[PDB]
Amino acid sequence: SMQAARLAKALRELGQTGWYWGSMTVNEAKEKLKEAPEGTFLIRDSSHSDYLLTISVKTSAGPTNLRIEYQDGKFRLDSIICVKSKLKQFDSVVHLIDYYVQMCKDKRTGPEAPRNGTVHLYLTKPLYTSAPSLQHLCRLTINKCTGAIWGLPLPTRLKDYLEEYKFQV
């Protein structure tokens, strides 16, 4: 199905991030984020039978954890948190993360929690498991400069590579 192909792609993208920690317990995440600056985050497999993935993020009070729901081909933040209409849905889980990082980068949301009960997620920098390839680091840099990769003065082989991962994080 096209649903299955979109989920396979989402997991491929996840393997390119360099900040997907796979099998990692909630306590191992807690230890890994303990000394990190506020907003440092990672993604890992959830321990919960009903969820694939969980975000672990440093807050000023310590690391906390937020599950990601997948339902009918769409990812969104765990809906026990807020009404689902306020939790944007994405075909791609890296896209989901990129959206929330960019909201903070653009200072549309900050570290202070909102006062009307809308979603509070302060993300700054990912915690890498390992240094990514230089090619991927260039890719991130180009993505932060433009979305119009098919006009770049690059060979088509390298545009294909940029097209595989258009995120800024």
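By rigid core we mean the largest C-alpha set that fits within 1.5 Å across both forms. One-based numbering along the sequence shown.
Root-mean-square C-alpha deviation from the shown form, taken over all structures in 5 other deposited structures of this protein superposed by the rigid core, is larger for 3-11 than for the alternative among 160-168 and 3-11. Comparing 93-101 with 80-88 in 5 other deposited structures of this protein, after superposition on the rigid core, the stretch with the greater RMS C-alpha deviation is 80-88. Residue 113 is a gap in at least a third of the other entries compared, counting only those with both neighbours built. Higher average CA B factor: 29-37, of the stretches 50-58 and 29-37. Between 97-105 and 114-122, the higher mean Cα B-factor belongs to 114-122. In this PDB entry, the Cα temperature factor of residue 141 sits in the middle third of its chain's modelled residues. Compared with the other modelled residues of the chain, the Cα B-factor recorded for residue 133 ranks in the middle third. Among the modelled residues of its chain, residue 83 has a C-alpha B-factor that falls in the middle third according to the deposited record. In the PDB entry, a CA B factor belonging to the middle third of its chain's modelled residues is recorded for residue 161.
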